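Notes follow the structure.
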Ligand SMILES: *[B@]([O])(O[C])[C]([C][C][C][C][N+])[N]C(=O)[C]([N]C(=O)[C]([C])[N]C(=O)OC([C])([C])[C])[C]([C])[C]
Ligand SMILES: [Ca+2]
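Numbering (the working numbering), first residue to last: 195 to 417.
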């Protein structure tokens, strides 16, 4: 997260770290057995790590559970990053408590102007690299579809939104992919792509979760 702040241990209780030997992407716990992340975070042999603050120290609140199956969206296009959403089922249900909690799925899409919380263990520098060990948070508004489409001419689909600052300085970055964008308590976005990080006039782009709620409910219901 570039230009954000330290969340505080377990204050974002639905944040997961996806681990295949090291943290490679974030995700959101949406019920005790299912995680939603970005389809570009797909790989085999993912262990889901819940209740993390420092991803390098076992502090006591963690639950490390293997993925039993991954389902990438049926229309994910890695070239356009259109439909960048994937579901991960855990092998066993997690024990939910105040430090491990699921986030609600939206019933409506959120408006431009809505302030959101974005979180992750990704790069904190816009030039060069420094990966944090503890979770970082950022508050950023949803941008209008006009601003988003003029920042990225020809790249924004109806399943994408921009959230951030046109002045730059604050943004998600490498290592934040798959993580939550939560606005008014509902999961509204997934960290997906952008032109670098915290670049002027180049805000982050996010998968628009409200478009996928029937696919998410149907897949959970049958798997
Ligand atoms: B993610 O992979 O973290 C593990 C990361 C989050 C980036 C957040 C940006 N606000 N996502 C990516 O790296 C994705 N790629 C890009 O965002 C690339 C670098 N952007 C890009 O090439 O920009 C253009 C030149 C305009 C197309 C990919 C999906 C891994
Ligand atoms: Ca830890």
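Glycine included, every Cβ here is placed at the ideal spot set by N, Cα and C.
Where does residue i sit, in a helix, a strand or coil, going by DSSP?
i	result
residue 410	helix
residue 234	helix
residue 226	coil
residue 213	strand
residue 298	strand
residue 341	helix
residue 206	coil
residue 475	Past the edges of the chain, shown from 195 to 417, lies residue 475, and the structure says nothing about it.
residue 271	strand
residue 276	strand
residue 404	helix
Excluding five sequence neighbours on each side, which residues of the same chain lie with their C-beta closer than 8 angstroms to the C-beta of residue i?
i	result
residue 274	349 and 351
residue 287	226 and 227
residue 276	269, 270, 351, 353 and 354
Is residue j closer than 8 angstroms to residue i when the C-beta atoms are compared?
i	j	result
residue 358	residue 397	yes
residue 264	residue 236	yes
residue 401	residue 297	no
residue 340	residue 220	no
residue 243	residue 196	no
residue 304	residue 377	yes
residue 310	residue 393	no
residue 249	residue 214	no
residue 320	residue 284	no
Residue i lies in the beta strand (DSSP E); which residues open and close that run?
i	result
residue 261	257 to 266
residue 384	380 to 387
residue 357	354 to 357
residue 334	330 to 335
residue 249	Where residue 249 is concerned, there is no enclosing beta strand (DSSP E), given that its DSSP letter is neither H nor E.
residue 309	309 to 314
residue 243	241 to 244
residue 347	Where residue 347 is concerned, there is no enclosing beta strand (DSSP E), given that its DSSP letter is neither H nor E.
residue 377	374 to 377
Measure from the C-beta of residue i to each C-beta in chain C and report whether the shortest distance is under 8 angstroms.
i	result
residue 246	Absent here is chain C; the protein component of the structure consists of one chain.
Please go through the same chain and pick out, in chain order, the residues whose beta-carbon is closer than 7 angstroms to the beta-carbon of residue i, but skip the five residues on each side of it.
i	result
residue 302	404
residue 201	313, 329, 330 and 331
residue 364	196, 197, 198, 332, 334, 358 and 392
residue 389	396
residue 256	243, 244, 245 and 246
Within the same chain, show all residues whose beta-carbon is closer than 6 angstroms to that of residue i, passing over the 5 residues directly before and after it, in chain order.
i	result
residue 380	298 and 300
In chain order, what residues place their C-beta within less than 6 angstroms of a heavy atom belonging to ligand 1?
Selection output, chain order preserved: 219, 234, 275, 316, 365, 366, 367, 368, 369, 370, 371, 385, 387, 388, 389, 391 and 398.
Residues whose Cβ lies closer than 7 angstroms to any heavy atom of ligand 2, in chain order
Ordered by chain, the residues meeting the criterion of a beta-carbon within less than 7 angstroms of a non-hydrogen atom of ligand 2 are 246, 247, 248, 249, 250, 251, 252, 253 and 256.
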